[PDB]
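Just passing along the structure, written as structure tokens.
Chains here go by letter, A, B, C, D, E, F, G, H, I, J, K and L, matching the order in which they are written, and residues are numbered from 1 within each.
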Amino acid sequence: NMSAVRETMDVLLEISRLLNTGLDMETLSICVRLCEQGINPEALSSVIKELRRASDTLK
Amino acid sequence: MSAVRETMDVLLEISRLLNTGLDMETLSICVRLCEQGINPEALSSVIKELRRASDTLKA
Amino acid sequence: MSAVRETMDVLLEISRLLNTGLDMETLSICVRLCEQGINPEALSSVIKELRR
Amino acid sequence: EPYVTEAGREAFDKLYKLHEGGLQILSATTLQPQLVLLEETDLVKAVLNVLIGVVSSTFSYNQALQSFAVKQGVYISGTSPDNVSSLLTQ
Amino acid sequence: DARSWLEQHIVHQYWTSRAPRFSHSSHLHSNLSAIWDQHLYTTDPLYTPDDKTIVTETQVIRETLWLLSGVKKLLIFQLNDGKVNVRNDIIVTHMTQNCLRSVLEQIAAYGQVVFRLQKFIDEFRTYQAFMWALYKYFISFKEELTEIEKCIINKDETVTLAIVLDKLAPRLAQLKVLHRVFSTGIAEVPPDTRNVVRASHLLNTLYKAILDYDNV
Amino acid sequence: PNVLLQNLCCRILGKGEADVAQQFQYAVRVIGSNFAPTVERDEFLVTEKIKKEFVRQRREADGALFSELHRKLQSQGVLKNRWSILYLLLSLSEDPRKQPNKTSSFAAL
Amino acid sequence: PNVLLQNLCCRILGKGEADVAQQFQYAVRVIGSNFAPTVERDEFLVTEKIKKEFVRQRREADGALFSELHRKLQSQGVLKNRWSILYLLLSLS
Amino acid sequence: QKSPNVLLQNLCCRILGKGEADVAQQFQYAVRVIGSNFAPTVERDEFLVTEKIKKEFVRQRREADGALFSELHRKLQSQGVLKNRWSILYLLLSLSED
Amino acid sequence: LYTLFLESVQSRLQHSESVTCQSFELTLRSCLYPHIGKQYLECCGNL
Amino acid sequence: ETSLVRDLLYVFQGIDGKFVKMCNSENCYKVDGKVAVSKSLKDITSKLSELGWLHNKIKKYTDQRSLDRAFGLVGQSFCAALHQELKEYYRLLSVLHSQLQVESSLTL
Amino acid sequence: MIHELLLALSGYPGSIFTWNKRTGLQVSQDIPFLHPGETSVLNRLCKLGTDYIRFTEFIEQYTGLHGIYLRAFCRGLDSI
Amino acid sequence: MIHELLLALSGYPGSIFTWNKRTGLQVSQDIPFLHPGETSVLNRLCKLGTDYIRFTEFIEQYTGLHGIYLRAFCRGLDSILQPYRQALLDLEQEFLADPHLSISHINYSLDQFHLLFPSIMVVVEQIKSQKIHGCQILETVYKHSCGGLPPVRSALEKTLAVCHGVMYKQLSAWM
């Protein structure tokens, strides 16, 4: 089971780096779990984007 | 009243083919509402909001 | 009430196994007394005299 | 529990009253049609009379057609759902 | 009110969620699905908690008992005649969804055959009298349908997965042996020439079958 | 209108006859905001949207059937309220592929 | 108390309510002098005695069963003076 | 554990760079946003989304990245531990940059 | 000929358990082969 | 406390449960890995260890009993006879475990 | 259900059992507090009382083209 | 515990009871609530359902290589699994009569069948790894019922009896 989560995390992590993102894996791991808990792709996108807007302003 | 029975059998065919998901009793309420006059935009908008609301309340 | 029936069944079966000579009605009575904190010794003594 | 099929007559009756109501709203008349008690054994005696050509309290004889007239509403119709309202007319 | 009387005296809905749903029992062995599902929700950080239609003990089994000698049901996601397969969200209170499916797929296949056997019933005579021998045999399986239907409608009903499905257990095997004869019988019926060969090679799998089974 | 809109609030939730108060008052507010529509009437135009939609979801047969049903519908009785009825069914139209995510896990947020 | 005590005489003797008088006085006296238990309360001692008895008669199979049944009596949670009842049955074997 | 809210609190906390209660206000905001009614744009085809991402790479001249991604899609599907792939692909689509 | 067949099948089974018959259905065909004979010899008589 | 009480039931069955024993073949002695436990109730579970130790030797003769039907006719019919009295051992164990779950004492 | 299904079986219209002239008598689709599953078999039970009043109409037309054997075929079928 | 194991014993798989079909069985216990001691014995009862579904596969395959005494021994052997399966539903009510029973009850009832189940499964596997067919299956099981263990030697005389009965049919018509 430990291997399965990790292999999954890895295929996603190669793809994320390719489309470019400032995000770490750990937040990306949460996103998969949020999608898996259901939830319309537009709500998920908006909140992620918004967090990023809030981070950049803050620092 | 004879009239009222015939229309609903053909109407129920469209709604079930098209995916709508309204039982008999409710399908009668909308036909009443549309005959007494309603904006069509409002009627679709409520039905969609009540449905989304109902599923969350239950769960 | 359900539980009580099942309990009387166990008690009747135990009674049969121990071949005492008690039936259901006498045993229910015996149980109601014991539950009121009756001295079983004294009670056995009465019961043997009553069977004679 | 039971479903309607097993549940006797009453469950079916409650259902019939609910279903008819659903239709009854779009049709507007002075007073809506409602049930007026007869029992199933009282219906078989009102029909015993209509064979000889005598009125009961569901038949109104019409001289204009020289024929009898049953209640057209949701008048009790046994436990059938407005089926005796057409069957009893024959 | 007709609606509140109907909600109490008929089992809570499972095709619609409008009337919620029995999902409790008082032992600690009968809440198994919730614990097992929990264990997974603690154990796998990637778990989708499957959405599931709650039963409401021994009502999925009467609807498999319907299927087994009668019509299709829409709490079963069956497709075509050769595919009768299981809806992907049905659970019983005290079994794992994986575990339960595994059995629903056994008896799915024993209703797969009954739906196929029914599909041959349409409204030469040799071929009609063989179809009617299948159907004359059906009224003795529908004779059993009302036997097992009276045990489960009674209160206390005291039937379940393991003592309901033993009474029809010899008839379940008698319909399995209907299948091999008829599957190897017709095969020249869709390619050309019925004429002599439909009757003759369907007498032939019948004849092989009474030699295979009687004389052993 | 009040007895009708209300009965809708009870049925949709399938439960509650004053526990649906929140939803009623809400429905009333929504209806009380004045929407204006994009196209009002014409039987042919609404019927066409439903035909194109049919083709688009891969339910071509059904789309063929719907036309028979539409003509039938006029003959069992003529409607003055059809555009609105046919619209309502339109907005509630769905695709036979895919689910809308979970909405039974979405409550917990 | 009194009514139950009387009903017992009545039932075992199979004689009616006022036909049990002489025994009724004997039981009331015997009970009255030793009303309550004189020995510690301890369920365990009785279960061991009932099991030695079965051992003693080499009716070991009825003994094994008797343990299952005693466990069943306890698990139901209905009685409280279980010991006394079991001691009364044992005394009557 | 892995409830929608807990998973969101973890997001805020680490990204803003502060403790649990210092990000409490943006946590309140976030919940309001999620609970907004949003209607699915994807009710069809895992394929059509994969195609848009491929279009993004071509559009920015990142052709090599599209060549690798295509192979990587095939892997992503194959292990299949994700049952809501499509949603994830949309999220990644919106996060597409140079 | 069909009725005659059932009657000759019925009387062998009832005269229960089939264990007096052996083995089993071809024995029932080889009673039916004399049912054909009584019609086959008697048609050939009028010829 | 109560955890040693479930754990002696697993050693009467002779198959190590909650704790590691590091023994099954010179006694069965429980190891809690602490000095803070008394050795006055670990001496009791060394009498309960020797009932479970001598148990596994009757089970392992019956594991060498599984043959196609090689050597002896009397040789596996003897071990058959040792499987009957062994079944009864398991019957005195089924009343013990039922004492453990919340429904006299549960002490050692 | 019990007397109510005998009189849908005679072919005569009920409220629950709507008559639509296109199809004969059929049970109306998806009636609440009855699972949809039991109505499919019920539609088939209506199909023997639909064809039975498609049958009395073949009687009554020629009783109470032309042909003295038409009404003789009516007295052939009545014993069925 | 109890109802998933009662029906994995009839040979219907769990996922907390992994069975991957005819190459092996993994016991699949990573279960918190079941104790490491009560699950360890649960594997001992699981081995006896592994050999139970390696036996029913041989039923359904040869009733439905060539030989009338392969399938005549198949209608002999189901009669011996008839009290096995009989015991499976009497246990169903054992857990309804009181809910104060656990898997210690399942260890106690299943030792009577434990002296039947590898010992007959090795008999049919020895028939089938030599590929023995005909009248000499009956000689093979006869030289096994010449063997020991007092339950098995009575059981295999019953399994010998239904397909010796099929022998008896040939030489009754042949004579």
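Note that in this section contacts are C-beta pairs under 8 Å (C-beta built on N, C-alpha and C of every residue); 3 or more make two chains touch, one makes a residue touch a chain.
K.L.:
Counting C-beta pairs in contact, does E-F beat B-K or the other way around?
P.N.:
Per the contact counts, B-K leads.
K.L.:
Using only Cα atoms to place each chain's centre, name the chain farthest from chain E.
P.N.:
G
K.L.:
Between chain G and chain H, what is the gap in Å from one C-alpha centre to the other?
P.N.:
74
K.L.:
Let me have the rounded angstrom distance from the C-alpha centre of chain A over to the C-alpha centre of chain J, please.
P.N.:
Chain centres of chain A and chain J, defined by C-alpha means, are spaced 52 Å apart.
K.L.:
Could you please state the distance in Å, as a whole number, between where the Cα atoms of chain C are centred and where those of chain H are centred?
P.N.:
73
K.L.:
On a C-alpha centroid basis, what's the spacing between chain E and chain K, in Å?
P.N.:
30
K.L.:
Find every residue in chain F that makes contact with two or more other chains and list them.
P.N.:
Residues 4, 13-14, 72, 94, 100-106, 108-109.
K.L.:
Residues of chain E that contact two or more other chains, please.
P.N.:
Each of 6, 10, 16-17, 43, 45-49, 215 in chain E touches at least two other chains.
K.L.:
What are the residue numbers in chain C that touch two or more other chains?
P.N.:
Residue numbers touching two or more other chains: none in chain C.
K.L.:
For chain K, which residues count as touching chain D in their complex?
P.N.:
1-4, 7-8, 10, 12-17, 31, 33-35, 38
K.L.:
Show me the residue ranges of chain F that touch chain H in the complex, using the header's touch definition.
P.N.:
94-95, 97-101, 105-106, 108-109
K.L.:
If we count contacts the way the header does, which residues on chain E are in touch with chain D in the complex?
P.N.:
Residues of chain E touching chain D: 2-3, 5-6, 9-11, 153.
K.L.:
Using the touch rule from the top, collect the residues of chain L that touch chain J in their complex.
P.N.:
35-38, 40-41, 44, 100-102, 104-105, 107-108, 111-112, 115, 118-119, 122-123, 126, 144, 147-151
K.L.:
Tell me, which parts of chain K touch chain E in their complex?
P.N.:
Contact set of chain K toward chain E: 32-38, 40-41, 44.
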